[PDB]
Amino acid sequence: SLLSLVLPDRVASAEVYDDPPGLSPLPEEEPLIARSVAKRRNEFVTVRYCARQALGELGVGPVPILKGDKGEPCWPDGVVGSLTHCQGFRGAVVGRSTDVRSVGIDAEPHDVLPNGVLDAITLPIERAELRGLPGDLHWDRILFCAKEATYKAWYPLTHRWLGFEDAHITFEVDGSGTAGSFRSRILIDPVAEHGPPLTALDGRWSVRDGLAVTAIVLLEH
């Protein structure tokens, strides 16, 4: 699994690389995609099939996963998690809220960013630091995935906007040259609605099978 390369043992994950046949929303989810085009319906249903497989590994039965503030997923009591879908990937990660405070994941095609996007998503200091990272890796795309995972882990604990310029992400590469760690240093007020302040979020990144994947798992102390 691509997500096993960026996750700890305390969470369950499930992923697919396509839209498997015969998948349906649960009845409670139907209104969220009643008006959605085929591509949106597919990713929504497929990623929630993945979520319910991962929930099953936690000993949680099939439940609907609705959407709340700014699109955040709505987990059953005692569960936290994150969802992501891009071209060739749907993935879900869940953990017990007794062991895990927040999860944020992202997956993107491992390709150069469209012209203009890098400058829009970076601090000057990030552009400099990227230029000195090693490997034939699309560091622009990897940075984008890390910013996205950071927002997904941050938002359920704060319900505040985190802009691209509001986190400074630094990367470390493990011996493989294709995976490692990142740290997101939060540059804005770090007060959380629950648990300790979010001054910094540590995560993992991996580039494998034409995808960049990032995950942050914030643990309950």
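Start at 1 and count along the sequence shown; that's the residue number.
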For 170 to 178 versus 64 to 72, entry-based mean Cα B-factors point to 170 to 178
The stretch carrying the higher mean Cα B factor in the deposited entry, 147 to 155 or 104 to 112, is 104 to 112
Determine which member of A192, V45, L58, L32 has the highest CA B-factor, using the values in the deposited entry. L58
Binned into thirds over the chain's modelled residues, the C-alpha B-factor of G81 lands in the lowest
Please place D18 in the lowest, middle or highest third of its chain according to the CA B-factor in the PDB entry. middle
Against its chain's modelled residues, does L3's Cα B factor rank lowest, middle or highest third? middle
Please place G95 in the lowest, middle or highest third of its chain by C-alpha B factor as given in the entry. middle
Sorting by Cα B-factor within the chain, modelled residues only, which third would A51 end up in: lowest, middle or highest? lowest
